[PDB]
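**Student:** Need a 3D model of the sequence below.
(chains A, B, C and D)
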Amino acid sequence: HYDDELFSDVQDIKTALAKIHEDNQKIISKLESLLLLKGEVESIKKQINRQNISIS
Amino acid sequence: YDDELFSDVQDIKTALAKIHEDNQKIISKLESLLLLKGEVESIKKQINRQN
Amino acid sequence: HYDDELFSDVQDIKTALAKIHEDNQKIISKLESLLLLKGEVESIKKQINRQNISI
Amino acid sequence: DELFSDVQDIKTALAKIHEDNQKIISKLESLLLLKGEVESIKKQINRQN
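**Tutor:** Numbering: from 1, shown residues only, chains lettered A, B, ... in the order given. Right below this line is the structure:
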């Protein structure tokens, strides 16, 4: 059959998987947030290149 | 193979599959983020020349 | 009922999930630490625009 | 029998996830080094001012 302790173990696996999934959704959105650094860093690089055009 | 156990196992399978795919998405986003190292290194270099 | 070897397999599965959960917590805090880069990068941008008004 | 096969596939999937996790942590540790670097850049921008 479906033994009670096996059942219990399965429930805890369910809980843990569910925690893992939601943590992954946090991970992903933090990453989406961090990826915005690429353009910003690119802008700094661009500004530093206009700045280095300082024939003074 | 109890039907309910069976159902539970399939649900675990779905969750694992989803987790795995999220992992590949995370890795790729990370591979992209890693390109920042060279860019930041480059800015540092430009800033030192600028000095 | 709950067969000995299935039982052994379930415990190993439990061990792996625990480890995975843990690595996730460490991953999350590393990410929270990296997110501070946003403000810092923003400051740099600002202090460089300030510099550009060098004329 | 079929449950056995399912458990093996779960074990496979778990191992893969775990290993991606080690690759993720390592990429992250490398990314963490960016903290000192932009701190330096920040410092050299202040000195430039």
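**Student:** How many neighbouring residues does residue A:17 have?
**Tutor:** 20 (other CB atoms under 10 Å in any protein chain shown). Using the backbone N, CA and C atoms, a C-beta is placed for each residue, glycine as well.
**Student:** I'd say it and residue B:14 touch.
**Tutor:** No. Residue A:17 is beyond contact range of residue B:14, at 9.4 Å (criterion: CB atoms under 8 Å).
**Student:** Please identify the helix or strand for residue A:55.
**Tutor:** In the assignment (DSSP states H and E), residue A:55 maps to no helix and no strand.
**Student:** Next one: it from chain C, what distance?
**Tutor:** 12 Å (CB to the nearest CB, to the nearest Å).
**Student:** Residue A:36 too?
**Tutor:** For residue A:36, the distance to chain C - CB to the nearest CB - is 7 Å.
**Student:** Please name the nearest non-neighbouring residue to that residue.
**Tutor:** Leaving aside its chain neighbours, residue A:36 sits nearest to residue C:38 (7.3 Å; criterion: CB to CB, 6 or more residues apart in numbering or on different chains).
**Student:** longest helix anywhere in chain A?
**Tutor:** Taking DSSP state H as the criterion, chain A has its longest helix at helix A:4-35.
**Student:** Report all helices and strands that it contacts.
**Tutor:** If contacts are counted by 3 or more CB pairs under 8 Å, 6 or more residues apart in numbering or on different chains; DSSP states H and E, helix A:4-35 sits against helix B:3-34, helix C:4-34, helix C:37-52.
**Student:** Relative to the whole chain's centre, how far out is the first one?
**Tutor:** Read it as helix B:3-34. Centroid separation for helix B:3-34 versus its chain: 12 Å, with CA atoms, centre = their mean, to the nearest Å.
**Student:** Now do it and helix A:4-35, the angle between them.
**Tutor:** Here the directions of helix B:3-34 and helix A:4-35 differ by 20 degrees (axes from the mean of the first three to the mean of the last three CA atoms, to 10 degrees).
**Student:** do the same with the second one
**Tutor:** Between the axes of helix C:4-34 and helix A:4-35, defined by the same axes, to 10 degrees, the angle is 20 degrees.
**Student:** The last one too?
**Tutor:** Here helix C:37-52 runs at 0 degrees with respect to helix A:4-35, directions being taken by the same axes, to 10 degrees.
**Student:** which residues touch helix C:37-52?
**Tutor:** Helix C:37-52 is touched from outside by A:33-34, A:36-37, A:40-41, A:43-44, A:47-48, A:50-51, D:34-35, D:38-39, D:41-42, D:45-46, D:48-49, with contacts defined as CB atoms under 8 Å, 6 or more residues apart in numbering or on different chains.
**Student:** again, only this time at 7 Å
**Tutor:** Applying CB atoms under 7 Å, 6 or more residues apart in numbering or on different chains, the set of residues contacting helix C:37-52 from outside is A:37, A:40-41, A:43-44, A:47-48, A:51, D:34-35, D:38, D:41-42, D:45, D:48-49.
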